[PDB]
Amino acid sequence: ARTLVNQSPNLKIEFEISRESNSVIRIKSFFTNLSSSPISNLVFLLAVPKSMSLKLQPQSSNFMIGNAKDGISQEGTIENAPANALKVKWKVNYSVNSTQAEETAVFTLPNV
């Protein structure tokens, strides 16, 4: 299932979160364009608690056409994350309509 992380006027961010081990969480982010215009130069930054270890594969692309569903994604894992709340800090910067946009928040993972 998808967990909603954020929805802005231009951009929807979702995580697919699953547990694989007593210590490993799989987290894949999905970016959906809510603008009729393309989003470009998309740069996503994710941080987890100090005690844990984020390991991200490369971001699939940094652009997506107007209304693209799951236009960009990034697969990763969080290590040293025991089954026993997981707080996340994320930031995204991108271009749309020849202006520069930025969204940021702190996100609490569902228990997996």
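Numbers follow the displayed sequence, beginning with 1.
What size is the break between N84 and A85 in terms of deposited sequence residues left without coordinates: none, 1 to 3, 4 to 9, or 10 or more? In the record, 1 to 3 residues between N84 and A85 lack coordinates.
* Should the higher mean CA B-factor in the entry be assigned to 20-28 or to 90-98? -> Looking at the recorded C-alpha B-factors, 20-28 comes out higher on average.
Query raised in the report: Which wins on mean Cα temperature factor, 73-81 or 37-45?
Result: So the stretch with the higher mean C-alpha B-factor is 73-81.
Lowest, middle or highest third: where is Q7 by Cα B-factor in its chain? For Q7, whose C-alpha B-factor we compare with every modelled residue in the chain, the answer is the middle third.
Q.
Using only modelled residues of the chain, where does the Cα B factor of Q59 rank: lowest third, middle third or highest third?
A. Its C-alpha B-factor belongs to the lowest third of this chain's values.
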